[PDB]
Amino acid sequence: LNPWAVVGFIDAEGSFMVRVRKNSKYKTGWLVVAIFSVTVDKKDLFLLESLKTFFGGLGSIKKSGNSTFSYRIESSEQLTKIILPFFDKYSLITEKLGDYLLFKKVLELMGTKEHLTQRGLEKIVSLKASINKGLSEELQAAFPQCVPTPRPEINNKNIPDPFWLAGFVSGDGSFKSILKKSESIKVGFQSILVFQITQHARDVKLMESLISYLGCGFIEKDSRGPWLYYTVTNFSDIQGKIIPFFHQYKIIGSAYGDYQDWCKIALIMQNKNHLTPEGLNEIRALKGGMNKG
DNA sequence: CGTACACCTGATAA
DNA sequence: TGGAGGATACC
DNA sequence: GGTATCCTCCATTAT
DNA sequence: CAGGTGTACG
Ligand SMILES: [Mg+2]
Ligand SMILES: [Mg+2]
Ligand SMILES: [Mg+2]
């Protein structure tokens, strides 16, 4: 685990969270907590174990869903000690940065015990209102006065290190093998390779910037909602640009075996064997093997 | 014959 | 992704 | 008591 | 994230 890879991976998968929960034991009647969270499927538990170890063995890993597990640090103290100084040095670049910085300001308030205070509380409520999904219904009603503190906007963010991209692709990227019915290929099917990164449209600009960074690909919009795709279909670019990149800058987690299989599919395609029935079945078999893992 | 971008849609693993 | 609620610990 | 963290579970949507 | 498909074009 490289630092930029981690930042990429968290740009893709992580969360920065604030809870303001109701409880009348607290002098304010409200308990304030901050949480840094990253959740993955079971097949990537070893990667959560790396992260913990990466962050000084801190925090806790727990069954989250039916086949996911979560890594969480919810101590304000140790968040201030370890997390904030990591992301302040190796900064996020998706819109998730806006949530990191707002989360940061809360911790800062918590750090001086202000959260235990009425003004403190409203500042944290004001800050929580611009983070992730905003105020809850309960908090809108308990704090009908508060004005969300403006979402910070940090313009034009560039990929700070090729490992960031390794990281993020390991999270929100994908190595696709498609077998497409073809009336004109003689073996019956086209063997397509697609590299693809998915992200919400709010990060259009970052998505656009990937075309210069990798010197290939194009961007599409999901017609069904605000979601973009950075896609590479062109096999020459996959051989020439994508495969060599991730060979130097390695994927993390399970997804790394899936890249290796896809690389292998590409060898078969390189020697033109995909147009042979034998090679088509090598590809069915590798494709079969992918995501297992 | 073969490939590649534009378009399409279902399943979760975030 | 991002959130909730109950239990427990800690000073 | 007041506060801070641990633990178990979940609805929706960005993957 | 992850499978497709339609079809223009060399
Ligand atoms: Mg993501
Ligand atoms: Mg993701
Ligand atoms: Mg992932």
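Naming: A, B, ... by sequence-line order, numbering from 1 per chain. Every heavy atom of this structure was used, including side-chain atoms; hydrogens, water molecules and symmetry mates were not.
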### Task
Apply the ring pair (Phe, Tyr, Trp, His ring centres under 6.0 Å) test between A:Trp4 and each candidate in A:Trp164, A:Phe168, A:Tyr90, A:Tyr249; give the one that qualifies.
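Single ring pair (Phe, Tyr, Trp, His ring centres under 6.0 Å) partner of A:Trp4 among A:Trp164, A:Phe168, A:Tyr90, A:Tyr249: A:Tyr90.
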
### Message
Assuming nearest nucleotide by heavy-atom distance, tell me which of A:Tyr26 and A:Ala12 is located more 5' along DNA chain D.
### Response
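This one resolves to A:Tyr26.
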
Closest nucleotide among [options] to the [X] side chain:
{"X": "A:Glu220", "options": "D:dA4, B:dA6, D:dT5", "result": "B:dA6"}
{"X": "A:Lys181", "options": "E:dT5, D:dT3, B:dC1", "result": "E:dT5"}
{"X": "A:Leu31", "options": "D:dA4, B:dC8, C:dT1", "result": "D:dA4"}
{"X": "A:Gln199", "options": "E:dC1, D:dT5, D:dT15", "result": "D:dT15"}

If the [atom1] atom of [N] is compared with that of [M], how far apart are they to the nearest Å?
{"N": "C:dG6", "M": "B:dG10", "atom1": "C1'", "value": "37 Å"}
{"N": "D:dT8", "M": "E:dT5", "atom1": "P", "value": "45 Å"}
{"N": "E:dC1", "M": "D:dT12", "atom1": "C1'", "value": "16 Å"}
{"N": "D:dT13", "M": "E:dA2", "atom1": "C1'", "value": "15 Å"}
{"N": "C:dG3", "M": "B:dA13", "atom1": "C1'", "value": "16 Å"}

Between [X] and [Y], is the ring centroid distance below 6.0 Å?
{"X": "A:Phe54", "Y": "A:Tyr71", "result": "no"}
{"X": "A:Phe195", "Y": "A:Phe175", "result": "yes"}
{"X": "A:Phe143", "Y": "A:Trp30", "result": "yes"}

Side-chain N,O ([X]) to OP1/OP2 ([N]) below 4.0 Å:
{"X": "A:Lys133", "N": "D:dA11", "result": "no"}
{"X": "A:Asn132", "N": "C:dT1", "result": "no"}
{"X": "A:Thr198", "N": "E:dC1", "result": "no"}
{"X": "A:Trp227", "N": "D:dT15", "result": "no"}
{"X": "A:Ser174", "N": "E:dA2", "result": "yes"}
{"X": "A:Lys287", "N": "E:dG4", "result": "yes"}
{"X": "A:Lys63", "N": "D:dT8", "result": "no"}
{"X": "A:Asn291", "N": "E:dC1", "result": "no"}
{"X": "A:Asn23", "N": "D:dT3", "result": "no"}
{"X": "A:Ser15", "N": "C:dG2", "result": "yes"}
{"X": "A:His274", "N": "B:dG2", "result": "no"}

### Task
Between A:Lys186 and A:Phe218, name the one whose nearest nucleotide on DNA chain B is closer to the 5' end.
A:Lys186

Return yes if the base of [N] and the side-chain atoms of [X] contain a donor-acceptor N/O pair under 3.5 Å, otherwise no.
{"X": "A:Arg72", "N": "C:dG3", "value": "yes"}
{"X": "A:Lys180", "N": "E:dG3", "value": "no"}
{"X": "A:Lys27", "N": "D:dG2", "value": "no"}
{"X": "A:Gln196", "N": "E:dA2", "value": "yes"}
{"X": "A:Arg21", "N": "C:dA4", "value": "no"}
{"X": "A:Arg224", "N": "B:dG10", "value": "yes"}
{"X": "A:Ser64", "N": "D:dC10", "value": "yes"}

With a 4.0 Å cut-off on heavy atoms, is [X] in touch with a base, just the backbone sugar-phosphate, or nothing at all?
{"X": "A:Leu275", "value": "sugar-phosphate"}
{"X": "A:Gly65", "value": "nothing"}
{"X": "A:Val40", "value": "sugar-phosphate"}

### Task
Sign of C1'-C2'-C3'-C4' decides it: give me the sugar pucker of E:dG6, north or south.
south

### Query
Atom CD1 of A:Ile268 and atom CD of A:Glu278: how far apart are they, to the nearest 0.5 Å?
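Taking CD1 in A:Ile268 and CD in A:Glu278, the distance rounds to 12.0 Å.
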
### Summary
Per the under-4.0 Å heavy-atom filter, residues of residues 228-262 of chain A near DNA chain D come out as A:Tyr229

### Query
Is there a donor-acceptor contact under 3.5 Å linking the side chains of A:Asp11 and A:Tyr100?
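The answer is no; no qualifying pair exists.
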
#### Entry: A:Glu95/A:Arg151 salt bridge by N-O under 4.0 Å criterion
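Looking at A:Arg151 and A:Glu95, the cut-off is met.
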
